[PDB]
Amino acid sequence: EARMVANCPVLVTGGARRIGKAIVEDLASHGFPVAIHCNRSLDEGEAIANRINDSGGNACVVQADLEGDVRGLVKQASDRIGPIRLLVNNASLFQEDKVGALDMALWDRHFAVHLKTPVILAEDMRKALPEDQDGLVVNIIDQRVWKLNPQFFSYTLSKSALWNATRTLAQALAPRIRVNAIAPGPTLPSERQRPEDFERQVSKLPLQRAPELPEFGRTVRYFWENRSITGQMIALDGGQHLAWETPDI
Amino acid sequence: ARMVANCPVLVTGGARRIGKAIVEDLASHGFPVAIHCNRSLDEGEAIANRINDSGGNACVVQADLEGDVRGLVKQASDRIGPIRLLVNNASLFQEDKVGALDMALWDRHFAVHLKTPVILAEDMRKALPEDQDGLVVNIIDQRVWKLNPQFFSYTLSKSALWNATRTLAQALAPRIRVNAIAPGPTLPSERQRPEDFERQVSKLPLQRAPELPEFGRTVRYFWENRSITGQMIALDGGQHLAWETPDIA
Amino acid sequence: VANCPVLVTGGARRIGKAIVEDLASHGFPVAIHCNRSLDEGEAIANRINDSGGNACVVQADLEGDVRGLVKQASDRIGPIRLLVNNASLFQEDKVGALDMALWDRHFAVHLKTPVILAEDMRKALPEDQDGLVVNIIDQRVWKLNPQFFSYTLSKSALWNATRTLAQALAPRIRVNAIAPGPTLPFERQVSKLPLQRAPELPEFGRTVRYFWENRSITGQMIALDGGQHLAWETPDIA
Amino acid sequence: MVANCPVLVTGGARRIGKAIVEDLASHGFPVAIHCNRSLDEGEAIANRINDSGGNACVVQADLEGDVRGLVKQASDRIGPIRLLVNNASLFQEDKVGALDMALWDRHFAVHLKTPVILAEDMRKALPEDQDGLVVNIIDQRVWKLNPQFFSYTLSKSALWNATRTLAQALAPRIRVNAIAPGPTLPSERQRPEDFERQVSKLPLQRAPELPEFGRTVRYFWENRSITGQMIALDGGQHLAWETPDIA
Ligand SMILES: NC(=O)c1ccc[n+]([C@@H]2O[C@H](COP(=O)([O-])OP(=O)(O)OC[C@H]3O[C@@H](n4cnc5c(N)ncnc54)[C@H](OP(=O)(O)O)[C@@H]3O)[C@@H](O)[C@H]2O)c1
Ligand SMILES: NC(=O)c1ccc[n+]([C@@H]2O[C@H](COP(=O)([O-])OP(=O)(O)OC[C@H]3O[C@@H](n4cnc5c(N)ncnc54)[C@H](OP(=O)(O)O)[C@@H]3O)[C@@H](O)[C@H]2O)c1
Ligand SMILES: NC(=O)c1ccc[n+]([C@@H]2O[C@H](COP(=O)([O-])OP(=O)(O)OC[C@H]3O[C@@H](n4cnc5c(N)ncnc54)[C@H](OP(=O)(O)O)[C@@H]3O)[C@@H](O)[C@H]2O)c1
Ligand SMILES: NC(=O)c1ccc[n+]([C@@H]2O[C@H](COP(=O)([O-])OP(=O)(O)OC[C@H]3O[C@@H](n4cnc5c(N)ncnc54)[C@H](OP(=O)(O)O)[C@@H]3O)[C@@H](O)[C@H]2O)c1
């Protein structure tokens, strides 16, 4: 009876750059109050918020280390824009490791950022969201959870766990809070990818095209706008998870 | 120019219930729409009349989808232009079970749910000019994500449509994308009084049925976000995620 | 084992033959179904019977009416308690060159016939005996690709039916499956499998007996495929 | 040959782990019985094995601490480990809304971190002219997800995910497969009468028998084309389907 965007405060983790920024600015331009979470990118976050507010939107910046104490984060956000109703678990760490050379410190960091904190923030959002309001969690995962391979060993396991948690969180938080996910494919070159590498990779996707940045915010809004959807994921990935031509064929 | 006026739609079984809801959403958004029907000709003509009298572009085409369908796409494209968006909505839903399988009904289930969607998709591909991308949306059933032994041949035929959603997406990439909607309980069934439908809905994880507007919104969501192929959204109130089975109650 | 009569479809050559001869050496009565390989089936049955077993040959075109086949077998070796749906048709087609006659044949041999034979087995199974169906599918149903379009759809449906048959036929009959990889033509392909080795014929009979001997297993599949369904280095990864 | 395939079974002193150890040892495998608390049960099992002419030893280690000497302990006594059964488990309840990360961490340490580390150490110490096998003992619930036992389930689901990616990483020389038990023996919190009612509600209406577990490890060992896969010894539990929205 009150799901208008002005009454749906959003918290986007790692929201000051790249895909997180694209989600923040999409939601803010559609009338959602947005809390831009960041850690290192505070300058960028404040600039985004100032631009939104000067344009007549409603945005704030909140700062927290997602590998430390995140127990005040939802409250820092709700103190500024009201009880968080839509949580986008976007923040990420994407470091390579391999079976045979596993460093468990890096392992722990992947699981902290991609699994522990998203679950904790979902819990905290649920606890603080008034009972007459429904909520939504959107987890940002990775297309590779739908096409497992042995590279990026601990990273992959932590993102796969976030996809597993999307189902079990959805079951646990139903009916009042829905939990869905986005699995990006090659969207913006990683730190290890030259432009040639990103382009060659995109040309090898089944759709031969990268997800465009507007598709991410549109998908969050799609999940918000269709209340029968929970426990589900859209891969914005150019078909990557459906790639199939292996050397044995 | 992917403007909706340049995206003719064919909806099979589009004169009633979910198919009608999809037709009317798309036409209200500026898509030219071909309403396929079989027994519901009067209903389909009334819909198309209302759309055309409103300044839209609609027509009605007839075919028994258990027989020859190889002229159906052309019936539509002769009226509204090359079909660019195919919604395989038509369905037959008749109970059978292991122990008393009648292969005549089995054949009808696979005709409507598998042979026809595949043939129409290929016919759409052959007639759609190479400089236009296309979309197929298959309407399946939440149960393909939570297999059970009821409605035996119906279920196998719908599961096959979900399988074909993936291999069609792989075959028709990059130019044509193939996605799916898996409905849950949307409207009461035969021998289901509204009280009965409500009691079943209350046992869904989200305790709410998909509403008809969600179907058109989902079709348009697939149309507008070009990185999605081979995927399905269950508009089902969480039904495929139900988990309280007798072994754990 | 002599209490467990077996029907193996397409049992006269290659993988079916290897399953037949394994089970026969372990004391299972076996009915060898075949169509074109009648002389080979009779030769296998003769060796089994000469060596003290109990084998027969039954004939049927599995693209047509198969409703007498289980009884043809049970008339000779007793009510069937182990059904191996091994027979297969493997012809190439693709979207955009679809021949529906071939499509119908793939679905007849891989889906309609396995289900009907399972249905007949269930109706004939004595009350005091449990049963097992083993469907022979294909590793590709665990790594979908668009090649061999109607063949793949029909094998995927057999895998779907393995689950729903298992649900429908419990507790009396368990329904499991084997997903073969490249067993017989090749040599270069195998080196590209993750295990760099092909499944060997003894593994198939060992797997059928494994399913028989462990009664808590239903609705499940083993891929004897050298890891083929786990292949992952696709063009976007290289 | 099984005489040339030394086995390490984590948590092998009781219940399912004991069933696996005794099945393998009685079939000619040298068996390193790992335990932590159940040292008396462990030494007893191995002594009965040895007295019977088998070849068993007991290695002790806390799987949540330094496990980097455990494979060495085993292989010092019975030769380089060729078959690792990651069976050790912790099964404690939590749920969304009251999650304590200390328990969460233990679930992931015993079900994911340690199985992966031990597999890593096995591959390091296995002579290159020998192939190997890892069998992860998981849980049928990874094939029928539900929101109960939240951190436990996530950690078991991770072990199932790792079964695929370890299989891809360690191929061709080492295979990685899994067993997903259903209701086998009542838990520290489940009454026998409740365990029986649960079994009566399984699709097959019977629990796995303890011999099925060792038979399954031996099945994986004897059939060299199998990797990255799991058998659920669960009486059909993961296939149960009649929920209140249908029933
Ligand atoms: N980009 C792609 O092509 C692609 C492909 C597949 C998957 N993905 C997924 O898509 C999402 C967005 O991708 P992206 O490339 O935009 O991500 P990103 O730039 O690599 O990182 C997102 C943000 O996470 C924040 N973060 C990380 N660790 C943190 C910590 N300990 N405390 C607080 N904040 C922390 C950082 O914010 P600060 O900089 O403010 O500290 C960082 O800017 C991620 O979940 C990623 O895994 C992306
Ligand atoms: N409604 C639900 O609660 C629900 C739940 C799960 C899945 N679904 C799926 O959602 C879709 C729509 O549901 P619905 O309840 O609206 O379906 P429906 O009324 O049972 O079927 C839709 C239309 O299919 C057409 N059709 C059937 N057989 C045909 C044939 N041989 N030739 C030509 N057209 C044929 C009929 O058109 P005419 O009337 O013109 O003959 C019918 O109006 C279906 O795919 C259904 O399986 C629905
Ligand atoms: N071999 C492989 O490398 C491989 C790989 C993946 C999957 N598979 C699967 O493993 C199984 C065995 O493989 P395979 O290569 O040995 O199979 P196959 O030789 O192609 O076929 C097995 C038997 O099926 C019977 N059959 C086929 N159509 C029939 C019909 N209309 N009526 C009656 N019988 C019919 C034939 O019996 P007759 O000779 O008596 O006419 C044939 O001998 C099959 O299910 C196959 O799909 C095999
Ligand atoms: N039993 C069932 O019905 C059932 C159902 C589903 C899944 N499972 C799975 O089947 C497997 C065996 O089940 P179970 O019931 O026999 O298991 P269990 O008795 O509950 O535990 C196995 C053993 O793991 C060892 N262990 C645990 N944490 C350890 C640590 N930090 N360091 C060293 N050893 C540690 C313990 O050995 P010590 O006592 O020597 O310290 C314990 O006895 C497990 O993986 C379990 O999750 C069982």
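Naming convention: chains lettered A, B, ... in sequence-line order (proteins, then strands); numbering from 1 in each chain. We use all heavy atoms of the structure for the numbers below, so side chains are in, but hydrogens, waters and symmetry mates are not. Both ligands and their constituent atoms are indexed starting at 1 by order of listing.
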Exercise. For C:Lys143, does the NZ atom sit with more than 12 other heavy atoms under 6.0 Å from it, leaving out its own atoms?
Worked result: yes

For this session: Looking only at non-hydrogen atoms, find the nearest pair between C:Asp225 and C:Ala179 and report the distance.
Result: CB-O, 4.1 Å

For this session: Heavy-atom contacts with C:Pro182 under 4.0 Å: which atoms of ligand 3 show up? List them by number with element.
Result: 3 (O)

Exercise. How does A:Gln143 reach ligand 1, by side chain, by backbone, by both or by neither, if only non-hydrogen atoms under 4.0 Å count?
Worked result: neither

Problem set entry | Contacting atoms of ligand 3, where contact means under 4.0 angstrom from a heavy atom of C:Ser37 | 38 (P), 39 (O), 40 (O), 41 (O)

Exercise. For ligand 1, which atoms sit closer than 4.0 Å to a heavy atom of A:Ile140?
Worked result: 10 (O), 11 (C), 45 (O)

Problem set entry | Derivation of the side-chain contact (heavy atoms from CB on, under 4.5 Å) call for B:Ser157 and B:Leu114 | CA-CA 6 Å; B:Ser157 68; B:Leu114 188 63; 5.6 Å; no

Problem set entry | Where ligand 2 meets B:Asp141 - atom numbers and elements under 4.0 angstrom, heavy-atom basis | 6 (C), 7 (C)

Problem set entry | From A:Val138, A:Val137, A:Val12, residue fulfilling side-chain contact (heavy atoms from CB on, under 4.5 Å) relative to A:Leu87 | A:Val137

Seminar exercise, completed: The side-chain hydrogen bond (donor to acceptor under 3.5 Å, both in side chains) partner of B:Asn88 among B:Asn138, B:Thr165, B:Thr116 is B:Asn138

Problem set entry | Contact with ligand 2 for B:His113, non-hydrogen, under 4.0 angstrom | no

For this session: Considering the heavy atoms of A:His37, write down every atom of ligand 1 situated less than 4.0 Å from one of them.
Result: 33 (C), 34 (N)

For this session: Show the numbers, then the answer: is there a side-chain contact (heavy atoms from CB on, under 4.5 Å) between C:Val84 and C:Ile136?
Result: CA-CA 7 Å; C:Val84 184; C:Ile136 310 299; 4.0 Å; yes

For this session: Verify salt bridge (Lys or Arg N to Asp or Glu O under 4.0 Å) between A:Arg144 and A:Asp142, making sure each step is shown before the conclusion.
Result: CA-CA 5 Å; A:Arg144 74 184 61 237; A:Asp142 187 320; 3.0 Å; yes

Problem set entry | Numbered atoms of ligand 3 (with element) below 4.0 Å of C:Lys155, judged on heavy atoms | 44 (C), 45 (O), 46 (C), 47 (O)

For this session: Take B:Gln239 and B:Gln200 through the side-chain contact (heavy atoms from CB on, under 4.5 Å) test and state the conclusion after the steps.
Result: CA-CA 10 Å; B:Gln239 187 170 30; B:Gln200 171 184 23; 3.9 Å; yes

Exercise. Would you say B:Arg16 has any N or O atom under 3.5 Å from an N or O of ligand 2, going by distance alone?
Worked result: no

Problem set entry | side-chain hydrogen bond (donor to acceptor under 3.5 Å, both in side chains) partner of A:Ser154, the single match among A:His110, A:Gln95, A:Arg109, A:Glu96 | A:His110

Exercise. How long is the gap from CG on C:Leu7 to CG on C:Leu69, to the nearest 0.5 Å?
Worked result: 5.5 Å

Exercise. With only distance considered, is C:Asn85 within less than 3.5 Å of ligand 3 through an N or O on each side?
Worked result: no

For this session: Quick one: closest heavy-atom pair of C:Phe186 and C:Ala198, and the distance?
Result: CZ-CB, 4.1 Å

For this session: Provide the number and element of each atom of ligand 1 under 4.0 Å from a heavy atom of A:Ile141.
Result: 7 (C), 9 (C), 47 (O)

Exercise. For ligand 2, which atoms sit closer than 4.0 Å to a heavy atom of B:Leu187?
Worked result: 3 (O)

Problem set entry | Test item, A:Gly185 contacting ligand 1 (heavy atom, 4.0 angstrom) | yes

For this session: Going by heavy-atom distance to atom 12 (C) of ligand 3, choose the closest among C:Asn86, C:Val66, C:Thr9, C:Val141.
Result: C:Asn86

Exercise. Looking at C:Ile15, which atoms of ligand 3 are within less than 4.0 Å of one of its heavy atoms?
Worked result: 1 (N), 10 (O), 12 (C), 13 (O), 16 (O), 48 (C)

Exercise. Which ligand 1 atoms, with their elements, are less than 4.0 angstrom from a heavy-atom of A:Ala64?
Worked result: 32 (N), 33 (C)

Exercise. For ligand 3, which atoms sit closer than 4.0 Å to a heavy atom of C:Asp61?
Worked result: 30 (C), 31 (N), 32 (N)

For this session: Nearest heavy atom to atom 8 (N) of ligand 2 wins, so pick from B:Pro183, B:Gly67, B:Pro117, B:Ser157.
Result: B:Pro183

Problem set entry | Element-labelled atoms of ligand 3 that are located less than 4.0 Å from some non-hydrogen atom of C:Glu63 | 31 (N)

Seminar exercise, completed: B:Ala90 heavy atoms within 4.0 Å reach ligand 2 at atoms 24 (O), 25 (C), 26 (N)

Exercise. Is A:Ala16 touching ligand 1 with its side chain, its backbone, both, or neither, if touching means heavy atoms under 4.0 Å apart?
Worked result: neither

Exercise. For ligand 2, which atoms sit closer than 4.0 Å to a heavy atom of B:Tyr154?
Worked result: 47 (O)

For this session: Report the residues that fulfil side-chain contact (heavy atoms from CB on, under 4.5 Å) with C:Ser88, sequence neighbours left out, ordered by chain and then residue number.
Result: C:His110, C:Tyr151, C:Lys155

For this session: Nearest heavy atom to atom 21 (O) of ligand 1 wins, so pick from A:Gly14, A:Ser92, A:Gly20.
Result: A:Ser92

Problem set entry | Parallel, tilted or perpendicular, as decided by the 30° and 60° cut-offs, for the rings of B:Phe151 and B:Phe93 | tilted

Problem set entry | Geometric N/O contact A:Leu66 with ligand 1, under 3.5 angstrom | yes

Seminar exercise, completed: Counting from 1 in the order shown, the ligand 1 atoms closer than 4.0 Å to a non-hydrogen atom of A:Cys38 are 40 (O)

For this session: Give the atoms of ligand 3, by number and element, whose distance to some non-hydrogen atom of C:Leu184 is under 4.0 Å.
Result: 3 (O)

For this session: Walk me through it: do C:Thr152 and C:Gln147 pass the test side-chain contact (heavy atoms from CB on, under 4.5 Å)?
Result: CA-CA 8 Å; C:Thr152 300; C:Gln147 299 188 324; 5.9 Å; no

Exercise. Only one of A:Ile141, A:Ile19, A:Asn90, A:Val220 forms a side-chain contact (heavy atoms from CB on, under 4.5 Å) with A:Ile182, so which one is it?
Worked result: A:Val220

Problem set entry | Enumerated ligand 1 atoms positioned under 4.0 Å from heavy atoms of A:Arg18 | 1 (N), 14 (P), 15 (O), 16 (O), 19 (O)

Exercise. CD1/A:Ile23 to NZ/A:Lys21 distance, rounded to the nearest 0.5 angstrom?
Worked result: 13.5 Å

